[PDB]
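Q: take this sequence and fold it.
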Amino acid sequence: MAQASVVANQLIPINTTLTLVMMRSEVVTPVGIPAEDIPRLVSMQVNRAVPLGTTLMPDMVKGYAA
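A: Numbers count the residues shown, from 1 in each chain. Coordinates below:
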């Protein structure tokens, strides 16, 4: 396990536009969106509430493809 994923550094309400303070990088399982894509995610919207500490998955971000 060396691949880190993006996880929620705070509760992100449904339909929020993602900012950099909201995302940390952490080695978690299952693996979600790669931590190196945190720059690609700023200004995109999530389509559900993401509690603090939850791994961000591809299907949670509106318009994400990678």
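
Q: could you find the closest non-adjacent residue to the residue nearest the centre of the chain?
A: With distances taken as Cα atoms, centre = their mean, the chain has residue 56 as the residue nearest its mean C-alpha position (3.4 Å). Leaving aside its sequence neighbours, residue 56 sits nearest to residue 6 (Cβ to Cβ, 6 or more residues apart in numbering; 4.4 Å). In short, each C-beta sits where N, CA and C put it, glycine included.

Q: before we move on, what about residue 26?
A: residue 7 (4.8 Å).

Q: work out for me the element that neighbour sits within.
A: strand 5-8 (DSSP states H and E).

Q: so after that strand, what's the next helix or strand?
A: Taking DSSP H and E, what comes next after strand 5-8 is strand 23-26.

Q: what helices or strands is the helix or strand that comes right after that following strand leaning on?
A: Following strand 23-26 in sequence order, the next helix or strand is helix 38-41 (DSSP H and E). Other helices and strands packing on helix 38-41, by 3 or more Cβ pairs under 8 Å, 6 or more residues apart in numbering; DSSP states H and E, are strand 23-26.
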